[PDB]
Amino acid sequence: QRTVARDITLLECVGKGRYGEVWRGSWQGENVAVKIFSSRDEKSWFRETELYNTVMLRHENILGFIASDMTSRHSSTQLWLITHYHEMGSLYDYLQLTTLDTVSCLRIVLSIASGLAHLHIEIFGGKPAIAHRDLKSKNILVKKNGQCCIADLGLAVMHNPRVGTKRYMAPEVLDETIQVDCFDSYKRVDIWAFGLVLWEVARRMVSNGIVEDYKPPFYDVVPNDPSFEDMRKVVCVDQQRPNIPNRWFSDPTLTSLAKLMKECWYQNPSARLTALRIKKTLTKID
């Protein structure tokens, strides 16, 4: 009976961090992405694996699962997550060099909204509702067809000493008022972070020969690797929001996207738009 070919050739390291490493790998002639977890971040492997063991997500705007592997070593456990490989890399990577036109900007943001609404929605029969809890431009990959997909469900909750990336934390997370037993609270945290990503992308959309340089959200008001307190003072105490440049108000697409961002950034989480309402609004732009 059958050969189970499990060998993956690790070809190129495409990410190194506290989480561990991501490699471009080869399996049976095909590219795969291999995330090798640090000891420090084993709980992210467990949570993503538990989720995929609960529901095998399959969606064009969700990074495609291939496998979770645990391998015993002499004195340690090796944990790999294997997924589809997107050679263009992360949206963060892509926006550094590339500028966008109206069609590519909308395609990027509507594909993200699509992936996020798919996470958020409970389907009966189906999938539980899922909140991501660490949405940001480094956790979004660019596909060759110009749509994106959402990655990293290591913090996801279904209806870990890891917490979300501080720069993208909603005000209720920073002021510890989040209603932690209400699933909808976690959806509203993702909408906040989505609005920051929408801002990051919109800056790189050209209008009337103008574009902004790539900057991360709050680049002008917090340090690199901002503290929790740094973020709380900006977002909660002073209630700052990312700048909308004047030049956007000459462009109908960027004018509509500015309005959309605003409705992701209400202090009151329950006032924020839903991912489904963001999709509809994006489908009516242009």
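A residue's number is simply how far along the shown sequence it sits, counting from 1. Rigid core (definition): largest C-alpha set, two forms, superposition within 1.5 Å.
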Greater root mean square CA deviation, 61-69 compared with 47-55 in 6 other deposited structures of this protein, core aligned: 47-55
Rigid core superposition result in 6 other deposited structures of this protein, more deviant of 270-278, 6-14 by Cα: 6-14
Of the other entries that cover residues on both sides, do at least a third skip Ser111? no
Flanks modelled, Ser75 absent in at least a third of other entries: yes
Residues of the deposited sequence that sit between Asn160 and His159 yet are not modelled: 10 or more
How many missing residues of the deposited sequence lie between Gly209 and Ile210 in the entry, grouped as none, 1 to 3, 4 to 9, or 10 or more? none
With respect to the recorded C-alpha B factors, which stretch has the higher mean value, 215-223 or 26-34? 26-34
160-168 set against 184-192, stretch whose average Cα temperature factor tops the other in the entry: 160-168
Sorting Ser75, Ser137, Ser114, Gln147 by Cα temperature factor from the record, which one lands on top? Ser75
Of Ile82, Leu91, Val197, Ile123, which one's C-alpha B factor is largest in the deposited record? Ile123
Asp251, C-alpha B-factor rank within chain (lowest, middle or highest third): highest
Looking at the temperature factor on the CA atom of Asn61, which third of the chain's modelled residues does it land in? lowest
Going by the CA temperature factor in the PDB record, which third of the chain does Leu110 belong to: lowest, middle or highest? lowest
Relative to the other modelled residues of the same chain, rank the CA B-factor of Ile278 and answer lowest, middle or highest third. middle
Modelled-residue ranking by C-alpha temperature factor, third containing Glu42: highest
